[PDB]
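Coming up is one lone chain in structure tokens, specifically the form deposited in one PDB entry.
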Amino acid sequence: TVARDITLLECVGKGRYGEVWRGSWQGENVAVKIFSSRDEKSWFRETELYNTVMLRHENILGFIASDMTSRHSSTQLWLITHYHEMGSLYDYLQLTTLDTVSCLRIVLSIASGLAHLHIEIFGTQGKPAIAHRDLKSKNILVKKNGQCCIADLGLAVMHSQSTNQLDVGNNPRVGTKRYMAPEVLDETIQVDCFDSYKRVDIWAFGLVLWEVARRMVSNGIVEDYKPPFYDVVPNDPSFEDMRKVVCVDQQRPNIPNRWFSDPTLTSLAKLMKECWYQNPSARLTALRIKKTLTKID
């Protein structure tokens, strides 16, 4: 198989999800995500997704193959994709600051990535609508040309409008809590409705928008990298911790005033706020957000 022709070179990530390695395969770098036992359904669902739906897009992490392998004293579950040496947005934002152009390129490209997933394309070159359900800075990769690509589709949801059936899988994993929409947290989400799942992505996206914006320099100031809600939740926040801050207190990420000196960060502040409506139906769509980012300077 592919697994046995891969040589594993360097561990570049370690978490509750398992591990990420840089390895080589046919002389090309690849990322090998080795899944924890707790997350094996994600590997299954993502293997399934990648093997049923044509997802390939500049801003979706490029899939190579999935495989099992008899490794250590276990059978490892590996998902093998293209490799982005910059790492995640999370990693990258912590090593550097952005300018107007690099900020816009990052956030637009993610918008385009989200929009492509969310839309249904009809016909044999088409696809079902897909909702990610766990978008965050750690599972968006940064390419050297400055564009991003979305990974980690283990919790994805698909829907098609001809069939009007909704595939949610059978996954014990629910999203990353720090990024969880109000309606998910207070359990008011309309689970029968596909638009609900898209709308949770937008919330999450708006939180990412904020992480990124903080690192864009204006007039030679910039904010330190911070995860959304850093000031009001501890590390690894509970589902209950978040409900209190997001739903009960209706708190939203603080916009620093320095952003209002700058016409880009002013326009993105408006944008991220229209991703954070308590009312899901008031949130902008991926496509609209894409159209807007395309017109900002």
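Throughout, we count residues from 1 along the sequence that is shown. Under this definition, the rigid core comprises the largest set of C-alpha atoms superposing within 1.5 Å between the forms. Residues that one form lacks are left out of the comparison.
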Next on the checklist: Of the other PDB entries for this protein whose models extend past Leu166 on both sides, does at least a third leave it without coordinates?
Outcome noted: yes
Next on the checklist: Check this for me: in at least a third of the other entries compared, is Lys136 absent while its neighbours are modelled?
Outcome noted: no
Item to check | Higher-scoring stretch by recorded Cα B factor average, 216 to 224 or 199 to 207 | outcome: 216 to 224
Next on the checklist: If you average the CA temperature factors as listed in the entry, which stretch comes out higher, 240 to 248 or 60 to 68?
Outcome noted: 240 to 248
Next on the checklist: Per the entry's Cα B factor values, which of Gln76, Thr176, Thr163, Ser137 stands out as the maximum?
Outcome noted: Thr163
Checklist entry - Of the options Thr188, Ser88, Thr81, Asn170, which has the highest CA B factor as deposited? => result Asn170
Item to check | Among modelled residues of the same chain, the CA temperature factor third for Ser37 | outcome: highest
Checklist entry - C-alpha B factor of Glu46, ranked within the chain: lowest, middle or highest third? => result lowest
Checklist entry - Among the modelled residues of its chain, does the C-alpha B-factor of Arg283 lie in the lowest, middle or highest third? => result middle
Checklist outcome for this item: So, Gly123's CA B-factor, relative to its chain, sits in which third? The highest
Next on the checklist: Using only modelled residues of the chain, where does the Cα B factor of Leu95 rank: lowest third, middle third or highest third?
Outcome noted: highest
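Beyond what is shown, the protein has a form deposited in another entry; the following relates to that form.
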Item to check | Flagged residue of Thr264, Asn29, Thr69, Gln251 - C-alpha shift reaching 2 Å or more between the shown form and the other one, core superposed | outcome: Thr69
Next on the checklist: Give the residue ranges, in sequence order, where three or more consecutive C-alphas each shift by 2 Å or more between the shown form and the other one after rigid core alignment.
Outcome noted: 1 to 4, 68 to 76
